[PDB]
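Chains as they are written, first to last, in UniProt numbering: chain B, 79 to 329; chain D, 331 to 568; chain H, 331 to 568; chain Y, 331 to 390; chain F, 2 to 14, 24 to 69; chain C, 2 to 14, 24 to 69; chain A, 2 to 14, 24 to 69; chain V, 569 to 575, 579 to 851; chain L, 569 to 575, 579 to 851; chain S, 569 to 575, 579 to 851.
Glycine residues also receive a C-beta, built at the ideal position from the N, C-alpha and C atoms.
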Amino acid sequence: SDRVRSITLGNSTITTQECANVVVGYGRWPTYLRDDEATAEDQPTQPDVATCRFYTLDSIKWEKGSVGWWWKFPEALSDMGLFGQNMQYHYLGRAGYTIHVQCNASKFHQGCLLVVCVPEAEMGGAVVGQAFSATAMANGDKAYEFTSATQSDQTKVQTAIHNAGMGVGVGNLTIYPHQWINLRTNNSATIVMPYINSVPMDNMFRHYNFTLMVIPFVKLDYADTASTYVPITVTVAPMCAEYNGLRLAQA
Amino acid sequence: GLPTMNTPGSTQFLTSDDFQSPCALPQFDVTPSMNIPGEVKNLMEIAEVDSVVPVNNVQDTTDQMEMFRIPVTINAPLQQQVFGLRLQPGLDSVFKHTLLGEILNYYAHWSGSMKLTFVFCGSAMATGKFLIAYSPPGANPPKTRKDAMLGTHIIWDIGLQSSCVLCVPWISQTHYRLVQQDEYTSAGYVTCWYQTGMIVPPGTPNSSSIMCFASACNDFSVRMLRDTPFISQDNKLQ
Amino acid sequence: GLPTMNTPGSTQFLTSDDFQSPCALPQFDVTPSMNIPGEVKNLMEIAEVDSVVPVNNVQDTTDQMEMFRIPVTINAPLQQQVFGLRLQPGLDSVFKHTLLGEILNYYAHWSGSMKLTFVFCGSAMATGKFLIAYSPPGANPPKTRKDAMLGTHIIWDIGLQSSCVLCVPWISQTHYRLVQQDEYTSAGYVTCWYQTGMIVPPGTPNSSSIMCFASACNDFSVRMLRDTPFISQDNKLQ
Amino acid sequence: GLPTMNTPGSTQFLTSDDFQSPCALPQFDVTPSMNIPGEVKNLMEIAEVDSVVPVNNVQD
Amino acid sequence: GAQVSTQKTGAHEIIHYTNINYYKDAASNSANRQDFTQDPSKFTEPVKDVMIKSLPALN
Amino acid sequence: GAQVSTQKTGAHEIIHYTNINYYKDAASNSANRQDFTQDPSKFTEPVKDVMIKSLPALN
Amino acid sequence: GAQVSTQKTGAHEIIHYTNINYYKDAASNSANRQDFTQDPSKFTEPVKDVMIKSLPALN
Amino acid sequence: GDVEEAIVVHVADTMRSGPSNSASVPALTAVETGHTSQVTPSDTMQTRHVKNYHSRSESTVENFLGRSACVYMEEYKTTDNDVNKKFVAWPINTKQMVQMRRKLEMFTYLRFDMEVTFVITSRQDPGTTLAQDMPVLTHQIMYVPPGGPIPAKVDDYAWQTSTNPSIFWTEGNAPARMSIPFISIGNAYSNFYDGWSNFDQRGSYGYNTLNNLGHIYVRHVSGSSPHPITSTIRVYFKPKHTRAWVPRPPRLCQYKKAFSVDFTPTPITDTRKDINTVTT
Amino acid sequence: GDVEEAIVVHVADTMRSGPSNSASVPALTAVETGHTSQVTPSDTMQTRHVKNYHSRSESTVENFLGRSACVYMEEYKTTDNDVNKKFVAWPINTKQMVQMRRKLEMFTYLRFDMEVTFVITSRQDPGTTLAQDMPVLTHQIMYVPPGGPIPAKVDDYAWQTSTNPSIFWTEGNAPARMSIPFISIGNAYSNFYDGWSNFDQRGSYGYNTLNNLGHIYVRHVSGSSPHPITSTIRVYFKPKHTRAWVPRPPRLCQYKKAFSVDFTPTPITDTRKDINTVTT
Amino acid sequence: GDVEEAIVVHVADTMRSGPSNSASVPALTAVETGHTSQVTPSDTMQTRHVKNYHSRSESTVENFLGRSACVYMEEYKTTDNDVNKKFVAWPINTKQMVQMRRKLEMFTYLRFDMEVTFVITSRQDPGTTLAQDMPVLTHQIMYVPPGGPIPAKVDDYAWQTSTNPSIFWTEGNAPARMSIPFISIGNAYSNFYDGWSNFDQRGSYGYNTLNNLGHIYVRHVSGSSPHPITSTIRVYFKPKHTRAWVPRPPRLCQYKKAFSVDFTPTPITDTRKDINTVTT
Ligand SMILES: CCCCCCCCCCCCCCCC(=O)O
Ligand SMILES: CCCCCCCCCCCCCCCC(=O)O
Ligand SMILES: CCCCCCCCCCCCCCCC(=O)O
Ligand SMILES: CCCCCCCCCCCCCC(=O)O
Ligand SMILES: CCCCCCCCCCCCCC(=O)O
Ligand SMILES: CCCCCCCCCCCCCC(=O)O
């Protein structure tokens, strides 16, 4: 059967028994930087198994009135194991990712989720002009919630769901690497993201490589059951990570 | 020197010309190239990707996300219509802003076939059959399921496979059609009807939703670039 | 004659063009060439020569020559800083007017590694050790010797060889950096600390000086000529 | 560049000239050709067909 | 140093043009708009395991 | 990539001209007004059975 | 009498241009900015005895 | 080999004919068959041998239609109170000018490339005070394929064409010119269309249904003189690489509408005193 | 050999298909995999054999982005009391004009050479006395890479460029033009930048951080008329040798800032009477 | 064979380096020898293998000095009461304009061909009555090698050059241009001359002694308007085929004389709070 999948990174394993295929970025698998594309001269460090492993990113509740959530990477892993330490101690970083989203429900539930990775998901403020701090869209592994109505608080991002916070139609996010979780036939989505950027390496604190979004297109529904909510969990594993520029701990 | 004479068109500035010009930064060393993932070489590659179609434009949608899901109910008359729409990918409000309509709106002519993919998002225990039909251009759109079944159609059975594809063939008198479609270049209608009806067991929701995806086939093509009418400004941005 | 049509750019005067033009003195006999010593063919050859860096800019220097020598004393706390500076070769006041900064100020982009050479000019009987470190860009410059030693550094032992070289590697996210450096293209800091302390025997001066030399490595390069902002005039010279 | 001198007739617009000019729609894909019946290549072909002559012009 | 190449023509009906470069910088050349290669698999088929159209998508 | 062809001259008295194409689109070429083939049978003799001029038209 | 030579291009990606001289004086030619030879030893290593980098500078 | 040197008909000659006496009757025929007789003078009288060097070079459709002809002219002013009078907006068609219209309508279907030339001239409007100094004017010609945005005023945003082709031309130079390929959706242009727009035989009728070629807009780029100045533009079309099908008789009645065949009945021809009158 | 003669695709054809009755189900699929179905009409109905000669030549990114589009216009006067109003100073960016901005922002990263064209026009300002005689004007366009000196007045010393490229253009001639190579420090231009300037996530945010392309200055060389004259310059950009990566959906909301993504929420699309309405 | 097809360096790469423990000390050297250390990062830390495609193409002296720079401007009027104010007379030298002067004085000796371009513009002088009609003006540029006759007025006989080269230029066309060979009596131009004119160390001192390049004269050919008109000429120099010897440090102090090195003492550089200050 092709509905069973198993993934082994480092000292951690993921098993799914009811799943769809695996989506691989833009057809490219993560890989190390080549000698003819590098620019930095000093030797890189490659922790390997110490950093390339699955980390569980806390959990959230799916209610009948949920609208959606987003996470920004690699900020979401900024304080997670030795990956966070290497991020803190090094000037430059580079790594691909494997994203696994778990959501399971009985045969009598219904609903559909879109899981999509958006590279360079620049977002606009709630009030045109003005400005917002780096806390309205990234504060660690905590998830940020979209809003059904138009946002009004000037201190946070425009969370109107139907625009995805980017000024574009929410229905066109299918162009990015994505997968659907349909409770009829699916329990988990798996996406492998290569490193995408305009430069060989970049500082992992200053720049958000990509944003993960989970959006319920068909809202959850059920009847006459004791289960009131459906938890959703996100797991992420860096791949082929390497760092450069050792400079004492700093943001 | 060499005798010459200038012809009409000298000293004109044509925005779509191809001529060589001097370089303002001689012997400039460009940065080495790098193979970033996801290179796109032709806009048809973008046009061939699926995108969700907002079919439920019922003029009283207080929630914008409600546009994407088509309602379905357990008890309905034996023959009933689920939805109906005009096949004007570049002009109809349904397809206007999709990932395909946006690309088409930059061009004047189009041709080729289209794919409509429907996905059932009900409970795993729900079941039903639907008839999806394409009616070529004519003086009257179909009014009942007997009228619809005379055209191109497919019977969709809901089961383990959640999705079915209606491939709209290219039936036209001309090689190309206008994006700003008029009566001369009409393209027809698409309608969906109950085939058997939706049946549910005890302990399940009484309503379900369907979604539609639109994309182009491998014989699709466009022509005659033009400016899109969707974006405009009144003053210089600052 | 031969039909032709003029394209945009005709009759323009572009200051960086390459075209042939008539000679105003036909058949002029130029003086024979002579091989004068010291021919220079590329400005990087000039940029690769050492020059004294005025590190001691303490805002109260009544004597200009005092800028070039860095003070040192016999008795100092166990860990103490000798000097600190930003690595902005084309913008920092320390490197602005050196033989390398002057060349850089004619260009907009630069890349490659750098050499900093330090020479001890104390008595022959004096001795000591110094730690010289380069800290890549970050949110906070080092404040103590434990912070500095985490970056690239070299331990310098003063002996018969009077000079030591700190080679600043090229660690950057982009292939090139702006000469008018901004926060996006920061380059880091350089600091020097006492490693053991300076010890002297009886009958020697209690203070000594160090000097710094700056030059580029063999992988250095520049790009995008521009006018230097260091020289200006208000009226025509006469 | 190459020395040249313009001769009489430069910048004139002669309605019966034959010169190349830039295309305003680069790389445009024309519709495939089809052999419609009854192609005419020379007006003498039309002139060689019979036609009724109105000889009886008697003013009344 | 003259390149000779075909110029675009319709359907299936001297269809040659000549080009010469005059400047020393490759940036001065004219647009190279004669290339028509394309591959949509990067966006339409990004899955790992190959899927056969005639076979069921799952199981 | 230069075409050489004869230029029109009267009766029976270097009658050669040279042409080069500069643009990448065949629509930019000059008019091809040197073709003189013609066939009036499509309009003068559209009948099915061949008619011999010397023979009677009917019977 | 036409010279054909490569024109500058970036990294590792018809990169040829043609040049002809029209005037009788070499001073009329265009700038010869394609030469990239250089040798800094005249200014960086003007010493008489060769110095080995790995060996001590003195003794 | 760099040169491709591999790249004239004359009318039929007259053959010598002598006396004849036979059963063959070349002169007698029957027009009822729809057949045009192919007899020659050699078949009905004695003739000498003649060599013909005449050629039908100038009668080809390529040469017949290969002449530039005016198709439209209009005027627009640099400054005025009425916004609509400071620019032009023409829906492209070939039925506006009579001569080229009649030349084209001798055929039912045409397929050709096009060469378009623009002639622009300016003049100062009369008034009580004309003393001014104005630099040379500049003009913009914009082509908008069907469905594109249309400018509503001389300084609208639509004039910033990012995809619509345009030409900027300065007075005193040679006229602007360009080439256009065959841009029809069908396999050939149709001068006539005997049909309707709606499937139930209703709506627009005639050639008007198939005219979807776009628009042309023109303006002064930024010229706005203290005193009004009027400019006129003329558009010339010149078919190239022409092919034609199904010839039809030339029109007899004068034209009366730009998008209809409507006409007034006209006599077949002029009259004369009687059927025998042959004098002037 | 002097000539290098060694230097077209067509869409897929349709194959004949007959009746079928089998276990294969091409029509049934699963979108949950992220896979777009590759079915063709041949797989769901009987079809005839068709040869397609259509090509996707005009859809390439090279042709899509290979059109000149306006990016900036401004006015400057030959003589005036305000010093700052006699010359222009523009920080180069592509976010000023909406159409080309939207065309570019369909991709995340771009790499191309540039072709820049300048269109300059002049007009006399209105006044109570306009009678003057003025020779032809001349203009200078100066490009200052980042960090270079900037002129503070029309007759400053900085205009004596010894290393900054410049163009001198006289009215009445063809528009000025030049070519520019790929001048980015990174391996590609970035239309979007989701990051900050400072390492502690503070300071400027967005695309504004990576815009360090320099400035453009323009002036009248020495023209100073007795009466004011106003000139306008328009800048046109034309990418060449283009490459693009990571396509992203076209923008839906109107633009409101030149250096920000800020917007106002917009409906997904227009409405209709009900889900079955199909008539006009 | 007609074509001569027989007619790139890249900086040094970085080699992989591992841990080391040995008696060799590449880092330790002695600057007293006048030797600049040739160490590389590979000699003091572990490094990866890097391929460098950077080239030093734009740093060559040919490209550094191969930009047109203004060297002189002056004004002359078509009609005036003062005879000396109707034409210009400039002794050629390169010390008038600061930027190109500083660029040149980075070397002691130079040898190159020259390309000279002239930019001329005209404007009407203000006055109580400006209404006139004047045809296009024409200008003459005359070059007089040292020792030749010099004109004393706008209509002198000396302007009938039989051997002095000249250019006649009409307004509205492209700027005038020409090429000049290496016209020095010595084997190279000298920017600096530490010596005297007389053999007993007396007289003129410095570069002024070796400047014998001639003069340039300019006038309106025959234009003499009823009302004054002022014209300005700008001269641009552009070295070609350059060779340089003996580099010297760039100047620090501002220039004060056109024919002397005189200066005012200047601080070495700007100051900061203390030797440890590293913040903004
Ligand atoms: C049977 C009549 C058919 C007529 C077909 C005419 C086709 C030519 C249309 C050309 C319109 C555009 C010309 C100007 C374009 C520009 O200004 O760039
Ligand atoms: C993603 C947007 C990137 C835009 C990059 C634009 C690069 C072109 C800049 C050209 C500026 C100089 C043009 C004029 C030069 C001159 O006048 O000599
Ligand atoms: C170290 C500085 C040396 C400068 C040498 C400059 C040599 C060029 C002199 C050119 C003068 C004549 C140019 C105009 C001639 C003409 O108008 O025909
Ligand atoms: C700056 C180059 C000017 C070229 C002028 C046109 C070409 C003249 C030579 C004829 C063509 C042969 C070219 C070649 O040998 O490659
Ligand atoms: C854009 C093409 C410009 C061609 C310029 C004129 C021809 C120069 C080359 C001499 C003729 C040889 C042409 C050929 O080799 O086919
Ligand atoms: C004053 C020289 C004018 C040259 C005109 C362009 C070249 C025409 C000849 C074609 C190229 C061949 C040159 C050669 O034989 O070396």
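Beta-carbon proximity check, residue i vs residue j, cutoff 7 Å
i              : j              : result
residue 402(H) : residue 541(H) : no
residue 236(B) : residue 204(B) : yes
residue 584(V) : residue 623(V) : yes
residue 523(H) : residue 430(H) : no
Sequence-distant residues of the same chain with beta carbon closer than 8 Å to residue i, five excluded per side
i              : result
residue 208(B) : 232
residue 668(S) : 640, 641, 642 and 643
Minimum Cβ-Cβ distance from residue i to chain A less than 7 Å
i              : result
residue 350(D) : no
Residue interval of the beta strand (DSSP E) (run including residue i)
i              : result
residue 646(S) : 640-648
residue 299(B) : 288-299
beta-carbon residue i near ligand 2 non-hydrogen atom, thresh 6 Å
i              : result
residue 577(L) : For chain L, the structure lists 575 followed at once by 579, and that leaves residue 577(L) out of the model.
Interface flag, residue i vs chain H, CB-CB below 7 Å
i              : result
residue 340(D) : yes
Closer than 7 Å to chain D by CB, residue i
i              : result
residue 14(A)  : yes
residue 7(F)   : no
residue 325(B) : no
CB contact check: residue i to chain S, cutoff 7 Å
i              : result
residue 702(L) : yes
Below-7 Å beta-carbon distance, residue i vs any chain B residue
i              : result
residue 614(L) : no
residue 451(D) : yes
beta-carbon residue i near ligand 4 non-hydrogen atom, thresh 6 Å
i              : result
residue 570(V) : no
C-beta neighbour in chain F for residue i, strict 7 Å
i             : result
residue 24(C) : no
Any C-beta of chain Y under 7 Å from that of residue i
i              : result
residue 808(V) : no
Cβ shell of residue i (< 6 Å), same chain only, five flanking positions each side left out
i              : result
residue 435(H) : 420 and 558
residue 747(S) : 689, 738 and 740
Near ligand 1: residue i beta-carbon under 6 Å from a heavy atom
i              : result
residue 514(D) : no
7 Å CB neighbourhood of residue i in its chain, flanking five on each side removed
i              : result
residue 608(L) : 600
Residue i - containing alpha helix (DSSP H), residue span
i              : result
residue 671(V) : 669-675
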